[PDB]
C-alpha cells in the first residue's frame, strides 16, 4: 500500500508512561490482536496498577495530517463532554525510531515519533528496518537505535581470514553509500553479509523486531527464506542471531563477536551498554550522576569562562562558522534571538544563519566509553530533518584553555553536525 507511514504498520509498538505505570501498545493500522483492547484499537493502554486494558484510540476514528495522527474513541472521559483520544506527532528521523510518550491529560494521550517514515524524501528510509528496542518488566527502555548505522556496517570478530563478516543493527547495510571497498561488494537488502574475498553473500535479512529475554539480554534474528542460497553451507538456510548483553559494570566498548558458525547459522554476542536501561545512559541536563549512571560528569563549567574571553565558542569550517553556547551559556551576537545551542553562519553571506540545535533539546549520553552531548530540534532541512549537533567529548586532563578545551567541527552528514571536544571535564 503506502498510506500513512506504511513501514510502521508491520508491527505493534510499545511506549510507556513510567510516572503512571502505563504500558501502551500502538498499531497505526489497528490490529494488535489484544482481546482486551478490541479488534480496532490503534492505541491500547495496559494499566499495570489494576492490570486492565483500555483502548485510548481507535483505528477507525483516525484523522491524519502531514506529521500527525489523531485517534478518537467512543469512550467518555472523566471530564464531561470529552472522549478519550490519542495523538501522535511525527518528525523526520534517521532510523525507524520509537513512539515516545510525552504526556497525558485525563482525556488525551500524547506521543512523539521521530522516524524515517515521516521524512519528505524516502532518502533516509532503510530498505528494511525493524523495531530496535524493548521494555523490561520494570518499564525501563532498552534502546539499540544509537547502534543502527545509516552507512557502512560492523566488522564482526571471528577467526576466518577468508571470511569478513559484516552486520548492521535492525536493518540492511547501506552498500551504495559505503566507503569500505569491502562493504561495497555486499548485496542490497542484506543486514548480514559474508565476504569471502572478491565475493559477498547475503547471510541474513531483517524480519522481526528486537526481543528481550532477560533484563540484561536482547536478541535480534536475521533470516533468509527460499532457495538460491550461497550453498557453501550445504543446503542450510543462512541465519544470524545477535545477542546484545548489558555489562554489569561500565567498560570500554567491545566489538560484536562470533561465538558459533554451525553452517549458515551464525551466532554473535555483542556486549554493549546500549543494551542497558536507557536512563542509565542518558540525562536531559549537562550532568550524569553516580547514582543514576555509575559515572559522575558535569559539563556545566564549560559554559563559564574567565572575564577575559568570548562568552561562546567558535568552530570554523570551510564555508561556515559554527557558534556553540553549551549548558545554558550565552550565544554569539550574530545568532541573536534565534535560541540555539549551535548556530551555523554562512561565511559568504552571514545573513544566512541556521539553528543546528536548541538548548531545550539536549541529551548527554555515556555508553561504551564514549561521552556524547547532543543538541537537537534545529531548523528543518529540505529533507524535513530538524538539524542536530553531536559533540563527541574526549578526556584530556591537560586539554588547552585550562582544561576547558574548545570544540572542533569535524563534518556534516545530512544535517547532523559533528564536533570533537577534548576537555578535562570529559574525564570519568
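Positions refer to the first chain, counted from 1.
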| property | result |
| --- | --- |
| Stretch with the higher entry mean CA B-factor, where the candidates are 81-89 and 258-266 | 258-266 |
| Selected stretch [higher average CA B-factor]: 188-196 or 167-175 | 188-196 |
| From 342, 183, 118, 147, residue of greatest CA B-factor | 183 |
| Top Cα B factor in the deposited entry, candidates 314, 325, 74, 237 | 237 |
| CA B-factor placement of residue 5, once the chain's modelled residues are sorted into thirds | highest |
| Chain third (lowest, middle, highest) by recorded CA B-factor, residue given as residue 403 | highest |
| Entry-reported Cα temperature factor of residue 45, expressed as the chain third it lands in | middle |
| Third of the chain, ranked by Cα B-factor, where residue 318 sits | middle |
| Entry-reported Cα temperature factor of residue 378, expressed as the chain third it lands in | lowest |
